[PDB]
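Here's the letter readout for the chains.
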Amino acid sequence: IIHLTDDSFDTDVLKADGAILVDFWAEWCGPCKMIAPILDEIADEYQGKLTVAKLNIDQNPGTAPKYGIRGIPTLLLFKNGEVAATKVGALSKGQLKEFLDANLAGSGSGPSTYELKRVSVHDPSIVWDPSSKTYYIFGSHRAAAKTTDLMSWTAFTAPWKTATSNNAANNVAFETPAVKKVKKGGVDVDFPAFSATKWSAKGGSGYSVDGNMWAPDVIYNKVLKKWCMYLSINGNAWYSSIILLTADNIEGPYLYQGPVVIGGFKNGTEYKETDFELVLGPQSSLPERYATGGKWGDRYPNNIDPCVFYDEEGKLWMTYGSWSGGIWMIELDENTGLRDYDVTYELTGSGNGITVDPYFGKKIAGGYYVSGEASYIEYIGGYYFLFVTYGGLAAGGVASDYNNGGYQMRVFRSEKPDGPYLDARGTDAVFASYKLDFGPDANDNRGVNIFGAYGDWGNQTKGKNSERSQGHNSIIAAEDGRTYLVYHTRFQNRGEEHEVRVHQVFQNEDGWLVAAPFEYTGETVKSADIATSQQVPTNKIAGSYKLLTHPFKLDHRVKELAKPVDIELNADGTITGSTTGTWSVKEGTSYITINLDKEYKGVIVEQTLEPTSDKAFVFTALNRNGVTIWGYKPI
Ligand code: NA
């Protein structure tokens, strides 16, 4: 223990390397004497990471009044000659250890006051239940989970209901629509008795629905006062449909109302089993544009992966689709949740160039069998943002199969809910011909590459736990004033294991989305704080950062990961180290600009480095070419 004086304080404490714990004490103080032997022991047990010093305030009247010291003993933890934390009084050994563990870096997950309890929900769609203040996700294969803090999730299953059971089997749950009539013109018209599983079975032999219940989206219908589940029932050869099920309670049971949109009717008069004629009027034969044979997917969608949402004017819409003819959008009826049969879509384009189809609606992304699925739209800060996941869902690592792996999320935006959706350099999410749009041989990069596969990053995403094939996301601008991006991820060396992740999301000064570089660990910052406050004081920015760039064209065939490089942000606004450039901020806001080979615009905020309690200043920024960068410095 270093027994200080007031002259010796400037060198010994303000010019210190490593954390210094100062004990301000005096002679007429019983509690100062209680803590003295505890400080002895702490000096031994903490040798590696801390120096313990004492200032007797009776000899040394100078030092204490500068630090506002009142009650004694007072314990001050200095970090390079500023006050990191303070405690007053005769702490026990246990309390001192807890105090030090929480304020020294490198203590691990012990001192953390949150818990990440993982769940595996493939294709998670997030929704808020205001009645229980609980967030729910629903995924493929009837996976579902709930949380109140977005960190600890609990898995459950929602039952199906039929006319005669409150817990029905999959093979009976989608056979008979509860709805018998819909409105069109607005009189009642017969609605087909559509069996979703009989329809998907047309694509193959020995069909079973058990592995074909995919990618639900769940939303509260304001007029019905029902929770609505939009579920894909998948079949081969494009015999797939999206169906609506409803429940009084978000946990179920859910009762099949009927189909919303049905695909694959390329053969003969099989359209007569669908709602095709409800949409188009009676048809004596199949219009020739649909008689595509096995070329269906150059033109028309695979009917899976729904996203249903109310736009800012309260209109209800659905987007859907996966690879094949792309991502399409139709209007839904606000008072039933089924298709709005009064909306007319005028045929626009011809052949594989069709961009508006009387049945499938309006094309908003993809086309020509380019990759892209799991469409999702959310209105955030003045724009509708569309997410599309490109590439394959698996982990990757198969040097000879380009479609194994590569999952990566792309973002576009629009002023209108139905588009056109453009990226940060004005390119449409819709493709005008076939391009290879992902991976190391891509001949097209469009969309903002929000982030891709990465490792060697922080305390969690490293080693076998490096994250990759992240995608099939949902996103919510939540009632708490924060935006959360929710997705599933695979890993660098865990087979095909997957888990749910949640990251907070901000907008940069041009209104584009930038993701927080670490999982949401209860940060208090709100979306609206970015434009109106400065989260990180400018004189605290300079220091050594790890810089991660998320580039297009990673080679998922050999499980490539982005990994960070070392850089230094200097106080004069220069960047040195692995590359050179400049940085600057906008006083009074949380915006930052980083100029490397090009200009990145983003935000700088504090983050917690899961699963620890250690904090970091971290930036996240974007260039118009859709490349993002992330950076962090421990505080
Ligand atoms: Na989705």
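Parameters and conventions
- Residues numbered from 1 in each chain as written, not as in the entry; some residues may be left out.
- Heavy atoms only, no water.
- Helix = DSSP H or I, 4+ residues; strand = E, 2+ residues; numbered from the N terminus.
- Buried < 20%, exposed > 50% of the residue type's maximum accessible area, 1.4 Å probe, protein only.
- Areas by Shrake-Rupley, 256 points an atom, 1.4 Å probe, with all protein chains shown as cover.
- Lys, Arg positive; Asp, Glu negative; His and termini not counted.
- Charge placed at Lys NZ, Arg CZ, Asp CG, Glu CD.
- Disulfide = S-S within 2.5 Å.
- Arc of directions from axis to C-beta.
- Contact = heavy atoms within 4.5 Å.
- Domains from an automatic or database assignment.
- Buried area = accessible area lost by both parts, 1.4 Å probe.
- Salt bridge = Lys/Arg side-chain N within 4 Å of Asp/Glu carboxyl O.
- Polar contact = N/O pair within 3.5 Å; in protein donor to acceptor, adjacent residues only side chain to side chain.
- 1 Å grid on protein atoms, 1.4 Å probe; cavity = no way out; pocket = protein on both sides within 12 Å on 5 of 7 lines; lining within 4 Å.
- Points joined across faces, edges and corners; volume = space filled by probe spheres on them.
- Nonpolar A, V, L, I, M, F, W, Y, C, P; charged D, E, K, R; others polar.
- Bend = angle between axes of the 7 residues up to and from the residue.
- Core = buried A, V, L, I, M, F, W, Y, C linked by side-chain atoms within 4.5 Å.
- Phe/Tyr/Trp six-rings, centres within 6.5 Å; stacked < 30°, edge-to-face > 60°.
- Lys NZ or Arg CZ within 6 Å of the ring centre and 35° of its normal.
- Pairing = 2+ DSSP bridges.

X-ray crystallography is the method the PDB entry lists for this structure, together with a resolution of 1.90 Å.

Turning our attention to the overall build of the protein chain. Check the secondary structure of the protein chain and you find 7 helices and 37 strands. Seen through its principal axes, the protein chain has C-alpha atoms that stretch 105 × 55 × 45 Å. Residues counted as buried form 57% of the 635 residues belonging to the protein chain. Accessible surface computed for the protein chain: about 25,200 Å², of which carbon and sulfur atoms make up 47%. Here the protein chain contributes 60 positively and 76 negatively charged side chains, and the mean placements of these two sets differ by 3 Å.

Under the definition given, this model contains 1 disulfide. Each sulfur in the disulfide pair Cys 29 and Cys 32 lies 2.2 Å from the other. Of note, the bridge from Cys 29 to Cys 32 carries an S-S torsion of about 80° and is right-handed in sense. By relative accessible area, which is 3% here, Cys 32 ends up buried. The structure places no disulfide on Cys 228, whose sulfur is separated from the nearest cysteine sulfur, that of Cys 307, by 14 Å.

Right, let's talk about helix α3 (residues 93-103) for a bit. For α3, every residue scored as buried is listed here: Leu 96, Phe 99 and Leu 100. Buried residues in α3, looked at end-on, bunch into an arc of 95°, giving them a common side. For α3, the secondary structure elements touched by its buried residues are β2 (19-25), α2 (30-45), β3 (50-56), β4 (74-79) and β5 (83-88).

A word on the domain arrangement of the protein chain. You can read the domains of the protein chain as domain 1 (1-107), domain 2 (124-516) and domain 3 (537-633). Inter-centroid distance (C-alpha atoms) of domain 2 to domain 3 is 33 Å. Summing both sides of the interface, domain 2 and domain 3 together bury roughly 3,800 Å²; the carbon and sulfur share of this comes to 60%. Where domain 2 touches domain 3, the interface holds 3 salt bridges. We note a salt bridge from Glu 509 to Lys 586, for which the minimum N-O separation is 2.9 Å. Between the two partners, domain 2 and domain 3, sit 21 residue pairs in polar contact. Mapped onto the side of domain 2 that touches domain 3, the elements with two or more residues apiece are β25 (448-449), β26 (467-477), β28 (499-507) and β29 (513-515). Per element, the largest residue contribution to the side of domain 2 that touches domain 3 is 3 residues, and it comes from β29.

Now for the layout of surface pockets. The gaps left among the atoms become clear once a water-sized probe is rolled over them. Space inside the largest pocket adds up to approximately 870 Å³. Taken together, 25 residues form the lining of the largest pocket, with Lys 79, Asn 80, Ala 84, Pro 634 and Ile 635 sitting closest to its centre. Here the residues of the lining of the largest pocket are counted per class, giving 11 nonpolar, 6 polar and 8 charged. Roughly 750 Å³ of volume is contained in the second largest pocket. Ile 219, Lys 222, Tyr 310, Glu 378 and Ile 476 are, among the 25 residues lining the second largest pocket, the residues nearest its centre. When residues of the lining of the second largest pocket are traced back to their parent elements, those giving at least two are β6 (125-129), β13 (213-221), β17 (307-310), β22 (373-380) and β26. Looking at the lining of the second largest pocket, its residues break down into 19 nonpolar, no polar and 6 charged.

For the rest of this paragraph, the subject is the pattern of salt bridges. Two side chains bearing opposite charge may form a pair once their charged atoms approach each other closely. Throughout the structure, instances matching the rule amount to 25 salt bridges. With a closest N to O distance of 2.9 Å, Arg 446 and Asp 444 form a salt bridge. By relative accessible area, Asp 444 is classed as buried at 10%. A salt bridge links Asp 566 to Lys 546; its shortest N-O distance comes to 3.9 Å. Of the two residues, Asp 566 sits in strand β31 (residues 565-569) while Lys 546 sits in strand β30 (residues 543-550), which places them 20 residues apart along the sequence. With a relative accessible area of 48%, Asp 566 lands in the partly exposed category. The exposure class of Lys 546 is partly exposed, given its relative accessible area of 32%. A cluster of three or more residues bridged by salt bridges with shared partners is formed by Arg 118, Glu 467, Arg 494, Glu 497, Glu 499, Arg 501 and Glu 519.

Along α2, the largest kink reaches about 30° and is centred on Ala 36; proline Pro 37 follows within four residues of it. Looking at the buried residues of α2, the elements they touch are β2, β3, β4 and α3.

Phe 138, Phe 174, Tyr 230 and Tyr 254 are the most contacted members of the largest nonpolar core, which totals 64 residues. Tallying contributions element by element places strand β14 (residues 226-233) first for this core, with 6 residues. Ignoring anything within four residues of it in the chain, the contact list for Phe 174 reads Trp 160, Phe 194, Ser 195, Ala 196, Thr 197, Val 209, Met 213, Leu 231, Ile 233, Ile 243, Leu 245 and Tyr 256. Counting 57 residues, the second-largest nonpolar core is a separate cluster that includes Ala 365, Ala 424, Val 448 and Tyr 487.

According to the stated counting rule, one finds 44 aromatic pairs in the structure shown. Here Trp 199 and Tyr 239 contribute two aromatic rings whose centre-to-centre distance is 5.5 Å and whose plane-to-plane angle is 70°, an arrangement assigned as edge-to-face. With a gap of 40 residues between them, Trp 199 in helix α5 (residues 196-200) and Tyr 239 in the loop between β14 and β15 (241-247) connect regions that are remote in the sequence. The two residues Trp 199 and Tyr 239 agree in class, both being buried. Relative to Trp 630, the ring of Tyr 454 has its centre 5.1 Å away and its plane inclined at 75°; by these criteria the two rings are edge-to-face. Separated by 176 residues along the polypeptide, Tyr 454 in the loop between β25 and β26 and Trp 630 in strand β37 (residues 628-634) bring together distant segments of the chain. Grouping residues by exposure puts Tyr 454 and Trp 630 together as buried. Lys 222 extends its terminal NZ or CZ atom over the ring of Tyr 310, reaching a point 3.9 Å from the ring centre.

Take the pairing of strand β19 (residues 327-331) next. Counting buried residues in β19 gives 5 out of 5 residues, a clear majority hidden from the surface. Two strands pair when backbone bridges link them, and strand β18 (residues 316-320) and β19 are joined in this way by 4 bridges, in the antiparallel orientation. The residue bridging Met 318 from the neighbouring strand is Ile 330, located in β19. Joining the antiparallel neighbours β18 and β19 is a turn of 6 residues, in which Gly 321 adopts a positive phi near 130°. As paired strands, β19 and strand β21 (residues 361-365) are joined by 3 bridges and run antiparallel to one another. For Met 329, the partnering residue across the bridge sits in β21 and is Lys 362.

Under the criterion given, the structure shown has 6 cavities of 30 Å³ or more. Considered as a void within the structure, the largest cavity measures approximately 120 Å³ in volume. Lining the largest cavity are 14 residues, and of these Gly 406, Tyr 407, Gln 408, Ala 453 and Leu 554 lie nearest its centre. In terms of residue count, the dominant contributor to the lining of the largest cavity is β26 (3 residues). For the lining of the largest cavity, the per-class residue count stands at 4 nonpolar, 7 polar and 3 charged. Domain assignment of the residues forming the lining of the largest cavity places at least three in each of domain 2 (124-516) and domain 3 (537-633).

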